[PDB]
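File shown: input16.cif. Contents: mmCIF, N, CA and C atoms.
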data_model
#
loop_
_atom_site.label_atom_id
_atom_site.label_comp_id
_atom_site.auth_asym_id
_atom_site.auth_seq_id
_atom_site.Cartn_x
_atom_site.Cartn_y
_atom_site.Cartn_z
N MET A 1 84.72 96.88 81.41
CA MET A 1 86.15 96.67 81.37
C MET A 1 86.68 96.17 82.72
N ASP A 2 87.92 95.71 82.70
CA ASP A 2 88.55 95.21 83.91
C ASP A 2 89.69 96.15 84.31
N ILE A 3 89.40 96.99 85.29
CA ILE A 3 90.39 97.94 85.78
C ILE A 3 90.87 97.50 87.17
N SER A 4 92.13 97.78 87.43
CA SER A 4 92.73 97.43 88.71
C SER A 4 93.52 98.61 89.27
N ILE A 5 93.21 98.96 90.51
CA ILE A 5 93.88 100.07 91.16
C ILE A 5 95.24 99.60 91.70
N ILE A 6 96.26 100.39 91.40
CA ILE A 6 97.61 100.06 91.84
C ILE A 6 97.90 100.79 93.16
N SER A 7 97.80 102.11 93.10
CA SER A 7 98.05 102.93 94.27
C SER A 7 97.06 104.09 94.32
N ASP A 8 96.95 104.69 95.50
CA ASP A 8 96.04 105.80 95.69
C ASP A 8 96.76 106.92 96.45
N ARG A 9 97.35 107.83 95.69
CA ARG A 9 98.07 108.94 96.28
C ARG A 9 97.20 110.20 96.28
N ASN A 10 97.39 111.01 97.32
CA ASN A 10 96.63 112.24 97.45
C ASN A 10 97.59 113.43 97.48
N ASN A 11 97.34 114.37 96.59
CA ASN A 11 98.18 115.56 96.51
C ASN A 11 97.34 116.79 96.84
N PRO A 12 97.34 117.16 98.15
CA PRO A 12 96.58 118.31 98.62
C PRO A 12 97.28 119.61 98.22
N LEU A 13 98.60 119.57 98.23
CA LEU A 13 99.39 120.74 97.88
C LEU A 13 98.79 121.40 96.63
N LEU A 14 98.81 120.65 95.54
CA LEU A 14 98.27 121.15 94.29
C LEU A 14 96.80 120.74 94.17
N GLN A 15 96.18 120.53 95.32
CA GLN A 15 94.78 120.14 95.37
C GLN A 15 94.48 119.14 94.24
N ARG A 16 95.44 118.26 94.00
CA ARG A 16 95.29 117.25 92.97
C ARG A 16 95.23 115.86 93.59
N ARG A 17 94.88 114.89 92.76
CA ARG A 17 94.79 113.51 93.21
C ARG A 17 95.59 112.59 92.28
N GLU A 18 96.51 111.85 92.89
CA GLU A 18 97.35 110.94 92.14
C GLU A 18 96.92 109.49 92.39
N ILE A 19 96.17 108.96 91.44
CA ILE A 19 95.69 107.59 91.55
C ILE A 19 96.11 106.81 90.30
N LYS A 20 96.96 105.81 90.53
CA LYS A 20 97.44 104.99 89.44
C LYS A 20 96.64 103.69 89.39
N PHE A 21 96.40 103.21 88.18
CA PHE A 21 95.65 101.99 87.99
C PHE A 21 95.92 101.39 86.60
N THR A 22 95.27 100.26 86.34
CA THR A 22 95.43 99.59 85.07
C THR A 22 94.06 99.32 84.43
N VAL A 23 94.06 99.30 83.10
CA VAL A 23 92.83 99.06 82.36
C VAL A 23 93.10 98.04 81.25
N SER A 24 92.25 97.03 81.20
CA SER A 24 92.39 95.99 80.19
C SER A 24 91.04 95.74 79.51
N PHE A 25 91.11 95.43 78.23
CA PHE A 25 89.91 95.16 77.46
C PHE A 25 90.21 94.25 76.26
N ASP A 26 89.17 93.60 75.77
CA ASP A 26 89.31 92.70 74.64
C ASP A 26 89.14 93.50 73.34
N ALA A 27 90.21 94.18 72.97
CA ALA A 27 90.20 94.98 71.76
C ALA A 27 89.41 96.27 72.00
N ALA A 28 88.16 96.09 72.41
CA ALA A 28 87.29 97.22 72.68
C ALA A 28 88.10 98.33 73.35
N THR A 29 88.26 99.42 72.62
CA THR A 29 89.01 100.56 73.13
C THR A 29 88.08 101.75 73.34
N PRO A 30 87.80 102.03 74.64
CA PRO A 30 86.93 103.14 75.00
C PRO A 30 87.65 104.48 74.83
N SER A 31 87.09 105.50 75.47
CA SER A 31 87.67 106.83 75.40
C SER A 31 88.06 107.31 76.80
N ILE A 32 88.39 108.59 76.89
CA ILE A 32 88.77 109.17 78.16
C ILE A 32 87.54 109.30 79.06
N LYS A 33 86.54 110.00 78.54
CA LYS A 33 85.31 110.20 79.28
C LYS A 33 84.65 108.84 79.55
N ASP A 34 84.68 108.00 78.53
CA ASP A 34 84.10 106.67 78.64
C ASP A 34 84.75 105.93 79.81
N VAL A 35 86.07 105.93 79.80
CA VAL A 35 86.82 105.26 80.86
C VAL A 35 86.53 105.94 82.19
N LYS A 36 86.27 107.24 82.12
CA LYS A 36 85.98 108.01 83.31
C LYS A 36 84.72 107.46 83.98
N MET A 37 83.80 107.01 83.14
CA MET A 37 82.54 106.46 83.63
C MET A 37 82.80 105.38 84.69
N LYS A 38 83.48 104.33 84.26
CA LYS A 38 83.79 103.23 85.16
C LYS A 38 84.75 103.72 86.24
N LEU A 39 85.79 104.42 85.80
CA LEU A 39 86.78 104.95 86.72
C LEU A 39 86.08 105.73 87.83
N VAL A 40 85.00 106.39 87.45
CA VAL A 40 84.23 107.17 88.40
C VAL A 40 83.62 106.24 89.45
N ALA A 41 83.11 105.12 88.98
CA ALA A 41 82.50 104.14 89.86
C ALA A 41 83.60 103.41 90.65
N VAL A 42 84.78 103.35 90.04
CA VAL A 42 85.91 102.70 90.67
C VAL A 42 86.49 103.61 91.75
N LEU A 43 86.76 104.85 91.35
CA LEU A 43 87.32 105.83 92.26
C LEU A 43 86.23 106.29 93.23
N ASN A 44 85.02 106.39 92.71
CA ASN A 44 83.89 106.81 93.51
C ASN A 44 84.09 108.27 93.94
N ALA A 45 84.17 109.14 92.94
CA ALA A 45 84.36 110.56 93.20
C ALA A 45 83.58 111.37 92.17
N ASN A 46 83.72 112.68 92.26
CA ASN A 46 83.03 113.58 91.35
C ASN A 46 83.55 113.35 89.93
N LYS A 47 82.66 112.90 89.07
CA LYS A 47 83.02 112.64 87.68
C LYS A 47 83.15 113.97 86.94
N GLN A 48 82.38 114.95 87.39
CA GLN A 48 82.41 116.27 86.78
C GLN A 48 83.85 116.78 86.68
N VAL A 49 84.49 116.86 87.84
CA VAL A 49 85.86 117.33 87.90
C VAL A 49 86.81 116.13 87.92
N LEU A 50 86.62 115.25 86.94
CA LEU A 50 87.45 114.06 86.84
C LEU A 50 87.89 113.88 85.38
N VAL A 51 89.17 113.58 85.23
CA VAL A 51 89.74 113.38 83.90
C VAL A 51 90.94 112.45 84.00
N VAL A 52 91.49 112.11 82.84
CA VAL A 52 92.64 111.23 82.78
C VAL A 52 93.87 112.03 82.37
N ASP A 53 95.03 111.51 82.74
CA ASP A 53 96.29 112.17 82.42
C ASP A 53 96.89 111.52 81.17
N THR A 54 97.10 110.21 81.26
CA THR A 54 97.67 109.46 80.16
C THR A 54 97.54 107.96 80.40
N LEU A 55 97.79 107.20 79.35
CA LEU A 55 97.70 105.75 79.44
C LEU A 55 98.66 105.12 78.43
N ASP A 56 98.80 103.81 78.54
CA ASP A 56 99.68 103.08 77.64
C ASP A 56 99.19 101.63 77.51
N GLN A 57 99.05 101.20 76.27
CA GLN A 57 98.59 99.85 76.00
C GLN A 57 99.74 98.86 76.13
N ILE A 58 99.41 97.65 76.57
CA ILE A 58 100.41 96.61 76.74
C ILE A 58 100.45 95.74 75.49
N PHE A 59 101.66 95.37 75.11
CA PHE A 59 101.86 94.54 73.93
C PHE A 59 101.77 93.05 74.28
N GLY A 60 102.34 92.71 75.43
CA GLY A 60 102.33 91.34 75.89
C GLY A 60 100.94 90.73 75.77
N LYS A 61 100.01 91.29 76.53
CA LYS A 61 98.64 90.81 76.52
C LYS A 61 97.71 91.96 76.10
N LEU A 62 96.46 91.85 76.53
CA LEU A 62 95.47 92.86 76.21
C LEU A 62 95.24 93.75 77.44
N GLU A 63 96.33 94.29 77.96
CA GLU A 63 96.26 95.15 79.12
C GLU A 63 96.80 96.54 78.78
N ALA A 64 96.39 97.51 79.59
CA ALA A 64 96.82 98.89 79.39
C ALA A 64 96.94 99.58 80.74
N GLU A 65 98.12 100.16 80.97
CA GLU A 65 98.38 100.85 82.22
C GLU A 65 98.35 102.37 82.00
N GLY A 66 97.80 103.07 82.98
CA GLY A 66 97.70 104.51 82.91
C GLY A 66 97.49 105.12 84.30
N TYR A 67 97.55 106.44 84.34
CA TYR A 67 97.37 107.16 85.60
C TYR A 67 96.25 108.19 85.48
N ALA A 68 95.44 108.26 86.53
CA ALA A 68 94.34 109.20 86.56
C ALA A 68 94.70 110.38 87.46
N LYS A 69 93.96 111.47 87.29
CA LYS A 69 94.20 112.67 88.07
C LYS A 69 92.86 113.31 88.43
N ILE A 70 92.84 113.97 89.58
CA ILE A 70 91.63 114.63 90.04
C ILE A 70 92.01 115.92 90.77
N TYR A 71 91.19 116.94 90.57
CA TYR A 71 91.43 118.23 91.19
C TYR A 71 90.27 118.61 92.12
N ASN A 72 90.36 119.82 92.66
CA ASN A 72 89.33 120.31 93.56
C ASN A 72 88.47 121.35 92.83
N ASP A 73 89.14 122.37 92.31
CA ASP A 73 88.46 123.43 91.59
C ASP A 73 89.20 123.72 90.29
N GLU A 74 88.44 123.77 89.21
CA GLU A 74 89.01 124.04 87.90
C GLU A 74 89.64 125.44 87.87
N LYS A 75 89.22 126.26 88.82
CA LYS A 75 89.73 127.62 88.91
C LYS A 75 91.25 127.57 89.07
N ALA A 76 91.69 126.76 90.02
CA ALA A 76 93.11 126.62 90.29
C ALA A 76 93.76 125.84 89.14
N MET A 77 93.19 124.68 88.86
CA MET A 77 93.70 123.83 87.80
C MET A 77 93.86 124.61 86.50
N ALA A 78 92.83 125.38 86.17
CA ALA A 78 92.84 126.19 84.97
C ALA A 78 94.10 127.06 84.95
N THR A 79 94.56 127.39 86.15
CA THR A 79 95.75 128.21 86.29
C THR A 79 97.00 127.34 86.42
N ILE A 80 97.02 126.54 87.48
CA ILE A 80 98.14 125.66 87.73
C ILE A 80 98.44 124.85 86.47
N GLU A 81 97.63 123.82 86.26
CA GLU A 81 97.80 122.97 85.09
C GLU A 81 98.01 123.82 83.84
N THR A 82 98.35 123.14 82.75
CA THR A 82 98.58 123.81 81.49
C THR A 82 97.58 123.32 80.43
N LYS A 83 97.55 124.04 79.32
CA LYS A 83 96.65 123.70 78.23
C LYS A 83 96.84 122.22 77.87
N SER A 84 98.00 121.70 78.24
CA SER A 84 98.32 120.31 77.96
C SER A 84 97.39 119.39 78.77
N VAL A 85 97.28 119.70 80.05
CA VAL A 85 96.43 118.92 80.93
C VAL A 85 94.96 119.17 80.58
N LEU A 86 94.65 120.43 80.34
CA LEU A 86 93.30 120.82 80.00
C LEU A 86 92.98 120.34 78.58
N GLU A 87 94.04 120.10 77.81
CA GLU A 87 93.89 119.64 76.44
C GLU A 87 93.15 118.30 76.41
N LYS A 88 93.65 117.37 77.20
CA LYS A 88 93.06 116.05 77.27
C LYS A 88 91.55 116.18 77.47
N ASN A 89 91.18 116.75 78.61
CA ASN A 89 89.77 116.95 78.93
C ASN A 89 89.03 117.41 77.67
N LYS A 90 88.22 116.51 77.14
CA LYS A 90 87.45 116.81 75.94
C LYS A 90 86.48 117.95 76.24
N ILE A 91 85.97 118.55 75.18
CA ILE A 91 85.04 119.66 75.31
C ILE A 91 83.82 119.20 76.12
N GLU A 92 82.90 118.55 75.43
CA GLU A 92 81.69 118.05 76.07
C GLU A 92 81.60 116.53 75.93
N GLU A 93 80.68 115.95 76.69
CA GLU A 93 80.48 114.51 76.65
C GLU A 93 79.14 114.18 76.00
N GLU A 94 78.87 112.88 75.92
CA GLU A 94 77.62 112.42 75.33
C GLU A 94 76.52 112.35 76.38
N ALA A 95 75.51 111.54 76.09
CA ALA A 95 74.39 111.38 77.00
C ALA A 95 73.23 110.72 76.26
N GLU A 96 73.26 109.39 76.25
CA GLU A 96 72.22 108.63 75.58
C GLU A 96 70.85 109.25 75.84
N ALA A 97 70.46 109.22 77.11
CA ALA A 97 69.17 109.77 77.50
C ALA A 97 69.13 109.90 79.03
N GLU A 98 68.19 110.70 79.50
CA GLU A 98 68.02 110.92 80.92
C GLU A 98 68.05 109.58 81.67
N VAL A 99 67.26 108.64 81.17
CA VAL A 99 67.19 107.32 81.77
C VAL A 99 68.42 106.51 81.36
N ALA A 100 68.97 105.80 82.33
CA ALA A 100 70.14 104.98 82.09
C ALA A 100 70.33 104.01 83.25
N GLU A 101 71.23 103.05 83.05
CA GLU A 101 71.51 102.06 84.06
C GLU A 101 70.23 101.31 84.45
N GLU A 102 70.43 100.18 85.11
CA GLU A 102 69.30 99.36 85.54
C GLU A 102 68.23 100.24 86.19
#
Please rewrite the model in this file as C-alpha cells.
Amino acid sequence: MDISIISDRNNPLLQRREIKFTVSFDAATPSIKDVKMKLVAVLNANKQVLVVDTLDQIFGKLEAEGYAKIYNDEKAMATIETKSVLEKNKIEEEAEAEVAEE
C-alpha cells in the first residue's frame, strides 16, 4: 500500500504516541493488524504494542486518512484507555509461517 505520514506527535504524559498519516489502496482493503504490518515498517516501532485508533476512506479518489496510536505499557493503557480503544485491538493475529519476507 501507499501510506504517507502527515505528522509525528509524541505524548509522553499518557505514555502514548500521536502519529497521523494517510493510507491509499486500489480497492484492496486491508485490516488493522494488516495495516499495522506496513505501518510498523513505516513507523519503525514495536508492532507488539502497536494498534490503530481510527480511519476514514476518501470518496474523491482511492485514498483513506486515519490516525495511529502507540503506548508504552498495556498495563497503563489497559487502565487509562477504555474498552473502546482496547476494543479495536483485535484478539489475536495471523501468521502464515515462521518463514516470511525475502
Quiz prompt | Picked residues, the PyMOL selection byres ((chain A and resi 4) around 8), as a PyMOL selection string | solution = chain A and resi 1-3+5-7+20-24
Exercise. Run DSSP on the backbone and give me the residues of chain A it puts in helix (DSSP H, G or I), as a PyMOL selection string.
Key: chain A and resi 32-43+74-79+83-88
Create the file for the chosen residues now, containing N, CA and C atoms and written as a PDB file, in the frame of the given file.
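What follows is the written file part-v5.pdb:
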ATOM      1  N   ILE A  32      88.390 108.590  76.890  1.00  0.00           N
ATOM      2  CA  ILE A  32      88.770 109.170  78.160  1.00  0.00           C
ATOM      3  C   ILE A  32      87.540 109.300  79.060  1.00  0.00           C
ATOM      4  N   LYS A  33      86.540 110.000  78.540  1.00  0.00           N
ATOM      5  CA  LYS A  33      85.310 110.200  79.280  1.00  0.00           C
ATOM      6  C   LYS A  33      84.650 108.840  79.550  1.00  0.00           C
ATOM      7  N   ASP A  34      84.680 108.000  78.530  1.00  0.00           N
ATOM      8  CA  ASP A  34      84.100 106.670  78.640  1.00  0.00           C
ATOM      9  C   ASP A  34      84.750 105.930  79.810  1.00  0.00           C
ATOM     10  N   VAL A  35      86.070 105.930  79.800  1.00  0.00           N
ATOM     11  CA  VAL A  35      86.820 105.260  80.860  1.00  0.00           C
ATOM     12  C   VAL A  35      86.530 105.940  82.190  1.00  0.00           C
ATOM     13  N   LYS A  36      86.270 107.240  82.120  1.00  0.00           N
ATOM     14  CA  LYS A  36      85.980 108.010  83.310  1.00  0.00           C
ATOM     15  C   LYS A  36      84.720 107.460  83.980  1.00  0.00           C
ATOM     16  N   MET A  37      83.800 107.010  83.140  1.00  0.00           N
ATOM     17  CA  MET A  37      82.540 106.460  83.630  1.00  0.00           C
ATOM     18  C   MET A  37      82.800 105.380  84.690  1.00  0.00           C
ATOM     19  N   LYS A  38      83.480 104.330  84.260  1.00  0.00           N
ATOM     20  CA  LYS A  38      83.790 103.230  85.160  1.00  0.00           C
ATOM     21  C   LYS A  38      84.750 103.720  86.240  1.00  0.00           C
ATOM     22  N   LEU A  39      85.790 104.420  85.800  1.00  0.00           N
ATOM     23  CA  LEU A  39      86.780 104.950  86.720  1.00  0.00           C
ATOM     24  C   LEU A  39      86.080 105.730  87.830  1.00  0.00           C
ATOM     25  N   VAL A  40      85.000 106.390  87.450  1.00  0.00           N
ATOM     26  CA  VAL A  40      84.230 107.170  88.400  1.00  0.00           C
ATOM     27  C   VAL A  40      83.620 106.240  89.450  1.00  0.00           C
ATOM     28  N   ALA A  41      83.110 105.120  88.980  1.00  0.00           N
ATOM     29  CA  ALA A  41      82.500 104.140  89.860  1.00  0.00           C
ATOM     30  C   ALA A  41      83.600 103.410  90.650  1.00  0.00           C
ATOM     31  N   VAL A  42      84.780 103.350  90.040  1.00  0.00           N
ATOM     32  CA  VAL A  42      85.910 102.700  90.670  1.00  0.00           C
ATOM     33  C   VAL A  42      86.490 103.610  91.750  1.00  0.00           C
ATOM     34  N   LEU A  43      86.760 104.850  91.350  1.00  0.00           N
ATOM     35  CA  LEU A  43      87.320 105.830  92.260  1.00  0.00           C
ATOM     36  C   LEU A  43      86.230 106.290  93.230  1.00  0.00           C
ATOM     37  N   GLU A  74      88.440 123.770  89.210  1.00  0.00           N
ATOM     38  CA  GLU A  74      89.010 124.040  87.900  1.00  0.00           C
ATOM     39  C   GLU A  74      89.640 125.440  87.870  1.00  0.00           C
ATOM     40  N   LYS A  75      89.220 126.260  88.820  1.00  0.00           N
ATOM     41  CA  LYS A  75      89.730 127.620  88.910  1.00  0.00           C
ATOM     42  C   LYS A  75      91.250 127.570  89.070  1.00  0.00           C
ATOM     43  N   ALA A  76      91.690 126.760  90.020  1.00  0.00           N
ATOM     44  CA  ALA A  76      93.110 126.620  90.290  1.00  0.00           C
ATOM     45  C   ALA A  76      93.760 125.840  89.140  1.00  0.00           C
ATOM     46  N   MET A  77      93.190 124.680  88.860  1.00  0.00           N
ATOM     47  CA  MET A  77      93.700 123.830  87.800  1.00  0.00           C
ATOM     48  C   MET A  77      93.860 124.610  86.500  1.00  0.00           C
ATOM     49  N   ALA A  78      92.830 125.380  86.170  1.00  0.00           N
ATOM     50  CA  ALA A  78      92.840 126.190  84.970  1.00  0.00           C
ATOM     51  C   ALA A  78      94.100 127.060  84.950  1.00  0.00           C
ATOM     52  N   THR A  79      94.560 127.390  86.150  1.00  0.00           N
ATOM     53  CA  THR A  79      95.750 128.210  86.290  1.00  0.00           C
ATOM     54  C   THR A  79      97.000 127.340  86.420  1.00  0.00           C
ATOM     55  N   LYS A  83      97.550 124.040  79.320  1.00  0.00           N
ATOM     56  CA  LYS A  83      96.650 123.700  78.230  1.00  0.00           C
ATOM     57  C   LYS A  83      96.840 122.220  77.870  1.00  0.00           C
ATOM     58  N   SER A  84      98.000 121.700  78.240  1.00  0.00           N
ATOM     59  CA  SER A  84      98.320 120.310  77.960  1.00  0.00           C
ATOM     60  C   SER A  84      97.390 119.390  78.770  1.00  0.00           C
ATOM     61  N   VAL A  85      97.280 119.700  80.050  1.00  0.00           N
ATOM     62  CA  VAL A  85      96.430 118.920  80.930  1.00  0.00           C
ATOM     63  C   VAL A  85      94.960 119.170  80.580  1.00  0.00           C
ATOM     64  N   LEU A  86      94.650 120.430  80.340  1.00  0.00           N
ATOM     65  CA  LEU A  86      93.300 120.820  80.000  1.00  0.00           C
ATOM     66  C   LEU A  86      92.980 120.340  78.580  1.00  0.00           C
ATOM     67  N   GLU A  87      94.040 120.100  77.810  1.00  0.00           N
ATOM     68  CA  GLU A  87      93.890 119.640  76.440  1.00  0.00           C
ATOM     69  C   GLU A  87      93.150 118.300  76.410  1.00  0.00           C
ATOM     70  N   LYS A  88      93.650 117.370  77.200  1.00  0.00           N
ATOM     71  CA  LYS A  88      93.060 116.050  77.270  1.00  0.00           C
ATOM     72  C   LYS A  88      91.550 116.180  77.470  1.00  0.00           C
TER      73      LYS A  88
END
Quiz prompt | Picked residues, the PyMOL selection byres (((chain A and resi 25-34 and name CA) around 12) and name CA), as a ChimeraX atom specification | solution = /A:1-4,22-24,35-41,47-59,61-69,87-95
Please, could you write that set of residues out with N, CA and C atoms as a short mmCIF file (atom, residue, chain, number, x, y, z; two decimals), in the coordinates of the input?
data_model
loop_
_atom_site.label_atom_id
_atom_site.label_comp_id
_atom_site.auth_asym_id
_atom_site.auth_seq_id
_atom_site.Cartn_x
_atom_site.Cartn_y
_atom_site.Cartn_z
N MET A 1 84.72 96.88 81.41
CA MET A 1 86.15 96.67 81.37
C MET A 1 86.68 96.17 82.72
N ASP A 2 87.92 95.71 82.70
CA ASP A 2 88.55 95.21 83.91
C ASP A 2 89.69 96.15 84.31
N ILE A 3 89.40 96.99 85.29
CA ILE A 3 90.39 97.94 85.78
C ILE A 3 90.87 97.50 87.17
N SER A 4 92.13 97.78 87.43
CA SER A 4 92.73 97.43 88.71
C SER A 4 93.52 98.61 89.27
N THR A 22 95.27 100.26 86.34
CA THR A 22 95.43 99.59 85.07
C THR A 22 94.06 99.32 84.43
N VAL A 23 94.06 99.30 83.10
CA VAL A 23 92.83 99.06 82.36
C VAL A 23 93.10 98.04 81.25
N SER A 24 92.25 97.03 81.20
CA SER A 24 92.39 95.99 80.19
C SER A 24 91.04 95.74 79.51
N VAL A 35 86.07 105.93 79.80
CA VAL A 35 86.82 105.26 80.86
C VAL A 35 86.53 105.94 82.19
N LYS A 36 86.27 107.24 82.12
CA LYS A 36 85.98 108.01 83.31
C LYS A 36 84.72 107.46 83.98
N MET A 37 83.80 107.01 83.14
CA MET A 37 82.54 106.46 83.63
C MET A 37 82.80 105.38 84.69
N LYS A 38 83.48 104.33 84.26
CA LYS A 38 83.79 103.23 85.16
C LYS A 38 84.75 103.72 86.24
N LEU A 39 85.79 104.42 85.80
CA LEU A 39 86.78 104.95 86.72
C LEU A 39 86.08 105.73 87.83
N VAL A 40 85.00 106.39 87.45
CA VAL A 40 84.23 107.17 88.40
C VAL A 40 83.62 106.24 89.45
N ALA A 41 83.11 105.12 88.98
CA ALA A 41 82.50 104.14 89.86
C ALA A 41 83.60 103.41 90.65
N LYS A 47 82.66 112.90 89.07
CA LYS A 47 83.02 112.64 87.68
C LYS A 47 83.15 113.97 86.94
N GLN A 48 82.38 114.95 87.39
CA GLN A 48 82.41 116.27 86.78
C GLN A 48 83.85 116.78 86.68
N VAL A 49 84.49 116.86 87.84
CA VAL A 49 85.86 117.33 87.90
C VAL A 49 86.81 116.13 87.92
N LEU A 50 86.62 115.25 86.94
CA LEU A 50 87.45 114.06 86.84
C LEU A 50 87.89 113.88 85.38
N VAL A 51 89.17 113.58 85.23
CA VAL A 51 89.74 113.38 83.90
C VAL A 51 90.94 112.45 84.00
N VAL A 52 91.49 112.11 82.84
CA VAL A 52 92.64 111.23 82.78
C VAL A 52 93.87 112.03 82.37
N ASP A 53 95.03 111.51 82.74
CA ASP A 53 96.29 112.17 82.42
C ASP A 53 96.89 111.52 81.17
N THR A 54 97.10 110.21 81.26
CA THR A 54 97.67 109.46 80.16
C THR A 54 97.54 107.96 80.40
N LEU A 55 97.79 107.20 79.35
CA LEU A 55 97.70 105.75 79.44
C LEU A 55 98.66 105.12 78.43
N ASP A 56 98.80 103.81 78.54
CA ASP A 56 99.68 103.08 77.64
C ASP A 56 99.19 101.63 77.51
N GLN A 57 99.05 101.20 76.27
CA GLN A 57 98.59 99.85 76.00
C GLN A 57 99.74 98.86 76.13
N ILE A 58 99.41 97.65 76.57
CA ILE A 58 100.41 96.61 76.74
C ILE A 58 100.45 95.74 75.49
N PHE A 59 101.66 95.37 75.11
CA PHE A 59 101.86 94.54 73.93
C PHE A 59 101.77 93.05 74.28
N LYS A 61 100.01 91.29 76.53
CA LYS A 61 98.64 90.81 76.52
C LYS A 61 97.71 91.96 76.10
N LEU A 62 96.46 91.85 76.53
CA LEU A 62 95.47 92.86 76.21
C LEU A 62 95.24 93.75 77.44
N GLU A 63 96.33 94.29 77.96
CA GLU A 63 96.26 95.15 79.12
C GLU A 63 96.80 96.54 78.78
N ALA A 64 96.39 97.51 79.59
CA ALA A 64 96.82 98.89 79.39
C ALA A 64 96.94 99.58 80.74
N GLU A 65 98.12 100.16 80.97
CA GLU A 65 98.38 100.85 82.22
C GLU A 65 98.35 102.37 82.00
N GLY A 66 97.80 103.07 82.98
CA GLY A 66 97.70 104.51 82.91
C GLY A 66 97.49 105.12 84.30
N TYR A 67 97.55 106.44 84.34
CA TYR A 67 97.37 107.16 85.60
C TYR A 67 96.25 108.19 85.48
N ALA A 68 95.44 108.26 86.53
CA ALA A 68 94.34 109.20 86.56
C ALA A 68 94.70 110.38 87.46
N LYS A 69 93.96 111.47 87.29
CA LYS A 69 94.20 112.67 88.07
C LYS A 69 92.86 113.31 88.43
N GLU A 87 94.04 120.10 77.81
CA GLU A 87 93.89 119.64 76.44
C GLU A 87 93.15 118.30 76.41
N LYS A 88 93.65 117.37 77.20
CA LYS A 88 93.06 116.05 77.27
C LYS A 88 91.55 116.18 77.47
N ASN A 89 91.18 116.75 78.61
CA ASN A 89 89.77 116.95 78.93
C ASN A 89 89.03 117.41 77.67
N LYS A 90 88.22 116.51 77.14
CA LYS A 90 87.45 116.81 75.94
C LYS A 90 86.48 117.95 76.24
N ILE A 91 85.97 118.55 75.18
CA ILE A 91 85.04 119.66 75.31
C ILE A 91 83.82 119.20 76.12
N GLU A 92 82.90 118.55 75.43
CA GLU A 92 81.69 118.05 76.07
C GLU A 92 81.60 116.53 75.93
N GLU A 93 80.68 115.95 76.69
CA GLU A 93 80.48 114.51 76.65
C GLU A 93 79.14 114.18 76.00
N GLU A 94 78.87 112.88 75.92
CA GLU A 94 77.62 112.42 75.33
C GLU A 94 76.52 112.35 76.38
N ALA A 95 75.51 111.54 76.09
CA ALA A 95 74.39 111.38 77.00
C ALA A 95 73.23 110.72 76.26
#
Quiz item: Could you write out, as a list in words, all the residues of region 43-83 of chain A that DSSP marks as strand (DSSP E or B)?
Solution: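 Filtering region 43-83 of chain A down to strand (DSSP E or B) leaves residues 50, 51, 52, 53, 54, 55, 56, 57, 63, 64, 65, 66, 67, 68, 69 and 70 of chain A.
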For the selection just defined, write its residues with N, CA and C atoms to a file, as a short mmCIF file (atom, residue, chain, number, x, y, z; two decimals), in the frame of the given file.
data_model
loop_
_atom_site.label_atom_id
_atom_site.label_comp_id
_atom_site.auth_asym_id
_atom_site.auth_seq_id
_atom_site.Cartn_x
_atom_site.Cartn_y
_atom_site.Cartn_z
N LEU A 50 86.62 115.25 86.94
CA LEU A 50 87.45 114.06 86.84
C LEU A 50 87.89 113.88 85.38
N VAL A 51 89.17 113.58 85.23
CA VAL A 51 89.74 113.38 83.90
C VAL A 51 90.94 112.45 84.00
N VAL A 52 91.49 112.11 82.84
CA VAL A 52 92.64 111.23 82.78
C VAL A 52 93.87 112.03 82.37
N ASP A 53 95.03 111.51 82.74
CA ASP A 53 96.29 112.17 82.42
C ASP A 53 96.89 111.52 81.17
N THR A 54 97.10 110.21 81.26
CA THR A 54 97.67 109.46 80.16
C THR A 54 97.54 107.96 80.40
N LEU A 55 97.79 107.20 79.35
CA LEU A 55 97.70 105.75 79.44
C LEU A 55 98.66 105.12 78.43
N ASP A 56 98.80 103.81 78.54
CA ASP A 56 99.68 103.08 77.64
C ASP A 56 99.19 101.63 77.51
N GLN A 57 99.05 101.20 76.27
CA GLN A 57 98.59 99.85 76.00
C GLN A 57 99.74 98.86 76.13
N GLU A 63 96.33 94.29 77.96
CA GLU A 63 96.26 95.15 79.12
C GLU A 63 96.80 96.54 78.78
N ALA A 64 96.39 97.51 79.59
CA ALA A 64 96.82 98.89 79.39
C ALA A 64 96.94 99.58 80.74
N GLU A 65 98.12 100.16 80.97
CA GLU A 65 98.38 100.85 82.22
C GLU A 65 98.35 102.37 82.00
N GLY A 66 97.80 103.07 82.98
CA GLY A 66 97.70 104.51 82.91
C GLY A 66 97.49 105.12 84.30
N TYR A 67 97.55 106.44 84.34
CA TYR A 67 97.37 107.16 85.60
C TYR A 67 96.25 108.19 85.48
N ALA A 68 95.44 108.26 86.53
CA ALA A 68 94.34 109.20 86.56
C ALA A 68 94.70 110.38 87.46
N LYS A 69 93.96 111.47 87.29
CA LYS A 69 94.20 112.67 88.07
C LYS A 69 92.86 113.31 88.43
N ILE A 70 92.84 113.97 89.58
CA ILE A 70 91.63 114.63 90.04
C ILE A 70 92.01 115.92 90.77
#
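Straight-line separation from atom C of residue 17 (chain A) to atom C of residue 71 (chain A): 8.0 Å.
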Quiz prompt | Interatomic distance, atom C of residue 74 (chain A) to atom C of residue 99 (chain A) (Å, one decimal) | solution = 29.2 Å
Quiz item: Which residue out of A:78, A:83, A:70, A:96 has the minimum interatomic distance to residue 44 (chain A) when only C-alpha atoms are used?
Solution: A:70
Practice problem: Enter the distance from CA of residue 72 (chain A) to atom C of residue 14 (chain A), in Å, rounded to one decimal. | Solution: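 Pair CA of residue 72 (chain A) / atom C of residue 14 (chain A) returns 7.5 Å.
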